[PDB]
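Here's the letter readout for the chains.
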Amino acid sequence: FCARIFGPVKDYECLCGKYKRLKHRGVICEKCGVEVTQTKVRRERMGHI
RNA sequence: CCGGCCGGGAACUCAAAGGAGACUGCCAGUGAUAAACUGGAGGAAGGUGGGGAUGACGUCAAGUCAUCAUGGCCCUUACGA
């Protein structure tokens, strides 16, 4: 359950909360890559190991 | 009569040089995907592998007029020889 590994906890919502803007799209949390997109797409977030 | 004493040989020890090479090249952990540090294999040498030389503008009106030279000062029957 990560935003850097997968995605926004909420629609255009950063892990830390640096982006509580549902206008912010693409720009990541510079600490850890959180590309803001709709959290609903996390029903299709494919990762690996 | 083996202190290689007499032949013989050109790969090596050694030496004068043209160059390869070690640069964080690879894997992993830690870590803000950067950098970096540690361990190991690899490797002749490992994390600038070691040392010398190289001493940034400047500090100290510190040394030399006793290598020497010098704007001047003194001596020139002299301290010059």
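Calculation rules
Sequence-order numbering is used: residues on each chain count from 1 as written, possibly diverging from the entry numbering, and only residues with coordinates are shown. Chain letters and ligand numbers both follow the written order, the letters beginning at A and the numbers at 1. These chains belong to a larger assembly; the numbers reported describe only the chains shown. Computation of side-chain values covers all heavy atoms of the structure but excludes hydrogens and water. Grouping buried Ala, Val, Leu, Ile, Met, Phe, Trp, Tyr and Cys residues that are joined through side-chain atoms within 4.5 Å yields what is termed a nonpolar core. Classification of residues uses two cut-offs on accessible area relative to the type maximum, computed with a 1.4 Å probe and protein chains only: under 20% is buried, over 50% is exposed, and between them is partly exposed. Two residues form a contact once any of their heavy atoms are found within 4.5 Å. The definition used for a disulfide is geometric: two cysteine sulfur atoms within 2.5 Å.

As named in the PDB entry, chain A is DNA-directed RNA polymerase subunit beta', taken from Escherichia coli.

Time to look at the nonpolar core. Residues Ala3, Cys14, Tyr19, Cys29, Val34 and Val36 constitute the largest nonpolar core, which totals 6 residues. Setting aside its immediate chain neighbours within four residues, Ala3 contacts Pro8, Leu15, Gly33 and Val34.

Under the defined criterion, the tally for this structure stands at 0 disulfides. Here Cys14 stays unpaired: no disulfide links it, and the sulfur of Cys16, its closest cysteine neighbor, is 3.4 Å away. With a relative accessible area of 52%, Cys16 lands in the exposed category.

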